[PDB]
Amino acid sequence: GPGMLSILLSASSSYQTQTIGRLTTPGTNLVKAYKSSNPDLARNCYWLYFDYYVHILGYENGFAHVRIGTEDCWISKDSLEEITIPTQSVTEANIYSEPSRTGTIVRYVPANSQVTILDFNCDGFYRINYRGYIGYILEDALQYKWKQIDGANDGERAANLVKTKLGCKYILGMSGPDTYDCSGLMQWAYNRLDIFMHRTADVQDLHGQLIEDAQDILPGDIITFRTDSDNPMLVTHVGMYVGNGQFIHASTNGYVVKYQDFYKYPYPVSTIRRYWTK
């Protein structure tokens, strides 16, 4: 106020200067992703998709180095655009040199100042430009919120996000904004929380915290299923638990994103996976 800093913040930061990207995938909906800026172009690690949000770590050799949560990869620089976000501060604060409790002061920012967000989710800070001064401001000092404040945890936030897509049409291979398949809905929802999961159900099945007893399931957990009786050991479907014994999924039954009663769903569960941590 403006000098108070919480002991819950680290006194050190390794957070590198980043910007915000939004995937535009010109002429299509996807872009190949790689694990280097000089890849074996035949061996892309996966793809990223139209209207996903990323952090941009830099550019090299025609690629953008992008990050979603703990995951980083390289995509063609023409597949995304840089984004800056105007907002205003609501309380006086300092812009600091880094997102820690020991940064130097770049500039004092009075309450009600117009600022521009350059990066988000920076360990409790945004990176901003105020009047040409650049650095990190505590995230609650700004009006703009990159994710819901409501909810006890990011699992509840993920459950809200899939609810916002109820009624969207099922289309194989899609991940929004208007159409989805089952696993694309999951990856999209977590993209909006800056958390990476892989794109297909059979890989989503292999990561996240394993919730071994269904009694322990919570909103935002994903449930994978084996639904193909000609390949009965393969994971082929996924949905997101949203509480009250229901999950939401994109289903070919109805060709729509809809609720489903978990206990009555007539296909075996493979795993329950928790990709949220706070």
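In this text, residue numbers run from 1 along the sequence as written.
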Averaging the C-alpha B factors as listed in the entry, name the stretch that ends up higher: 6-14 or 21-29. 6-14
Averaging CA B factors per stretch from the PDB record, which one is higher: 96-104 or 143-151? 143-151
Take the CA temperature factors straight from the PDB entry and tell me which of 78, 123, 205, 72 peaks. 78
Please pick out which of 171, 90, 137, 85 has the largest Cα B-factor as recorded in the entry. 90
By the recorded C-alpha temperature factor, relative to the other modelled residues in its chain, which third is residue 235 in? middle
Lowest, middle or highest third - CA B-factor, residue 226: middle
Can you work out whether the C-alpha temperature factor of residue 219 puts it in the lowest, middle or highest third of the chain? middle
Compared with the other modelled residues in the chain, in which third is the CA B-factor of residue 109? middle
Residue 41: C-alpha B-factor third of its chain, per the entry, is the highest
